[PDB]
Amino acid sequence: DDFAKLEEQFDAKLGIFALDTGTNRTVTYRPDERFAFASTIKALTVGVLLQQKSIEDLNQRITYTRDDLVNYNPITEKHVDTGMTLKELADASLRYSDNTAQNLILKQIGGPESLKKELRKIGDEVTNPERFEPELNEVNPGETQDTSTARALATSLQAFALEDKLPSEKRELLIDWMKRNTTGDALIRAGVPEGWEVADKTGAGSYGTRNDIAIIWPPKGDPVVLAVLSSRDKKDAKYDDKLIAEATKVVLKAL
């Protein structure tokens, strides 16, 4: 198997689950092994937000302070004195992986416990959110807090983006934001053939954790749901995006 060779090449552990919704053909590799989900959780968080809010509710202006700012706030730190609407916060969270935006949206839906409850409701019995950004990124081997699996993350993404968990109008909003993600050019997007459309959400955490979950659309055909997770054995280890791009190539080849 090619995935094992990639693990050797990049000295990392891989977690993969891909599902061609048109044929029910799958590609898996350690699909049920837990990995810190890191920022990929931002996609599922907006999914839940869209479940509880009407489109007009998203125009609601949210105010916050420099006090509310965490470690990575590309968009939010530029509007502290003006506040941002929920819609703008969802945009910043998904497309720029803005940590404060994720925290503000998390508070809007009830916190991590409420997020977990809502996920259990849609059938996700694996994803275990417990903290806010950025501490959620610090997970030690063996711990299950703030972790999930490639199969669970792909399935929950599929539930919100392709299934009936959300009305079409809201599904479209989520897909549009993710299609326009600015942080994943070197990951799944780098591993698919040209002409293929990608909607993804990246993540990076401790122990060199580097993830990307996506819905990919071949030129002609049904979407493919893909979750590629990875981690290394050193807490301070550095990741290599090439690992995800290569893993994606194998998946495409396989499918």
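The first residue of the shown sequence is 1; numbering continues from there.
Relative to one another, 181 to 189 and 136 to 144 have unequal mean CA B-factors, and 136 to 144 is the one with the higher figure. For the segment pair 80 to 88 and 127 to 135, the entry gives 80 to 88 the higher mean B-factor, averaged over Cα atoms. Considering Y29, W217, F35, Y207 together, the PDB entry gives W217 the largest C-alpha B factor. Placement of the Cα temperature factor of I16 within the chain: lowest third of the modelled residues, per the deposited record. When all modelled residues of the chain are sorted by CA temperature factor, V48 is found within the lowest third. Among the modelled residues of its chain, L226 has a C-alpha B-factor that falls in the middle third according to the deposited record. The deposited CA B-factor of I62 belongs to the highest third of values across its chain. When all modelled residues of the chain are sorted by CA temperature factor, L115 is found within the middle third.
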